[PDB]
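Peer 1: Submitted below is the structure of interest, expressed as structure tokens.
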There are 2 protein chains.
Amino acid sequence: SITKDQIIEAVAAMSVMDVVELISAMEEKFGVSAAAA
Amino acid sequence: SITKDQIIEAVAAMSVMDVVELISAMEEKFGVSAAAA
């Protein structure tokens, strides 16, 4: 059960800070940081 | 091994579209909409 929603609840499982790091990683990885960074 | 990094490769494992829906999901859920943010 690896649904998109299932992932949502994952982000709502950790702290905001922990999510900042996650998103930050993707930002650099996928190099898609062009939206009010 | 539910590490942040492990999740990174997860977002790079799915299709762009699937990722679009995801991002869009959280966007609404967490309502993190700050004028194109």
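Note on naming: chains are A, B, ... as they come in the structure tokens, residues start from 1 per chain, ligands start from 1 in the order shown.
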Could you list, as a PyMOL selection string, the residues of chain B having an atom within 9 Å of chain A when counting only C-alpha atoms?

Peer 2: chain B and resi 4-5+7-8+11-12+18-19+21-22+25-26+29-30+34-37

Peer 1: Kindly save the residues from that selection, with N, CA, C and O atoms included, as a short mmCIF file (atom, residue, chain, number, x, y, z; two decimals), in the first residue's frame.

Peer 2:
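Okay, this is what ended up in part24.cif:
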data_model
loop_
_atom_site.label_atom_id
_atom_site.label_comp_id
_atom_site.auth_asym_id
_atom_site.auth_seq_id
_atom_site.Cartn_x
_atom_site.Cartn_y
_atom_site.Cartn_z
N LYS B 4 15.20 9.28 5.84
CA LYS B 4 14.80 10.37 4.96
C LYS B 4 15.35 10.11 3.55
O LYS B 4 14.63 10.26 2.57
N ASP B 5 16.62 9.74 3.51
CA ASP B 5 17.28 9.50 2.24
C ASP B 5 16.54 8.40 1.48
O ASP B 5 16.32 8.51 0.27
N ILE B 7 13.66 7.77 1.41
CA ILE B 7 12.44 8.31 0.85
C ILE B 7 12.76 9.11 -0.42
O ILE B 7 11.94 9.20 -1.33
N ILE B 8 13.96 9.67 -0.43
CA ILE B 8 14.40 10.48 -1.55
C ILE B 8 14.39 9.63 -2.82
O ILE B 8 13.86 10.04 -3.85
N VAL B 11 10.99 8.99 -4.26
CA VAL B 11 10.38 10.03 -5.07
C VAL B 11 11.05 10.05 -6.45
O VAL B 11 10.49 10.60 -7.40
N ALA B 12 12.21 9.43 -6.52
CA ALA B 12 12.95 9.35 -7.77
C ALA B 12 12.70 7.99 -8.43
O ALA B 12 13.33 7.66 -9.43
N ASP B 18 3.20 11.07 -11.24
CA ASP B 18 2.86 10.53 -9.94
C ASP B 18 3.37 11.48 -8.85
O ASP B 18 2.76 11.61 -7.79
N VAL B 19 4.49 12.13 -9.15
CA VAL B 19 5.12 13.02 -8.19
C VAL B 19 4.36 14.35 -8.17
O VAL B 19 4.24 14.99 -7.13
N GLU B 21 1.16 14.73 -8.69
CA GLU B 21 -0.04 14.50 -7.90
C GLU B 21 0.29 14.54 -6.40
O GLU B 21 -0.43 15.15 -5.62
N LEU B 22 1.38 13.87 -6.06
CA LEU B 22 1.82 13.81 -4.67
C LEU B 22 2.01 15.24 -4.15
O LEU B 22 1.29 15.67 -3.24
N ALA B 25 -0.93 17.01 -3.69
CA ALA B 25 -1.71 16.50 -2.57
C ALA B 25 -1.33 17.27 -1.31
O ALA B 25 -2.14 18.01 -0.76
N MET B 26 -0.09 17.07 -0.88
CA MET B 26 0.40 17.73 0.32
C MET B 26 0.12 19.23 0.27
O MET B 26 -0.24 19.83 1.28
N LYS B 29 -3.41 19.46 1.31
CA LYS B 29 -3.56 18.90 2.64
C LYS B 29 -2.98 19.88 3.67
O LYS B 29 -3.72 20.44 4.47
N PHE B 30 -1.67 20.05 3.61
CA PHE B 30 -0.99 20.92 4.54
C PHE B 30 -1.24 22.39 4.21
O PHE B 30 -0.81 23.28 4.94
N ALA B 34 1.65 29.50 -0.41
CA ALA B 34 1.99 30.88 -0.11
C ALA B 34 2.31 31.62 -1.41
O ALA B 34 3.43 32.08 -1.61
N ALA B 35 1.30 31.72 -2.26
CA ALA B 35 1.46 32.37 -3.54
C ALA B 35 2.68 31.79 -4.26
O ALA B 35 3.76 32.37 -4.24
N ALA B 36 2.46 30.64 -4.89
CA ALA B 36 3.52 29.98 -5.63
C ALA B 36 4.68 29.66 -4.69
O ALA B 36 5.74 30.26 -4.79
N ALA B 37 4.43 28.71 -3.80
CA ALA B 37 5.44 28.28 -2.85
C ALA B 37 5.30 26.78 -2.59
O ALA B 37 4.57 26.09 -3.30
#

Peer 1: Least-squares fit chain A onto chain B by Cα, in order, and just send back the RMSD.

Peer 2: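 Per the least-squares fit, the RMSD is 1.4 Å.
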
Peer 1: Extract the full set of helix (DSSP H, G or I) residues from chain A according to DSSP on the backbone, and format it as a PyMOL selection string.

Peer 2: chain A and resi 4-11+16-29

Peer 1: When you draw a straight line from atom CA of residue B:16 to atom CA of residue A:32, how long is it in Å?

Peer 2: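 For atom CA of residue B:16 relative to atom CA of residue A:32, the distance reads 12.2 Å.
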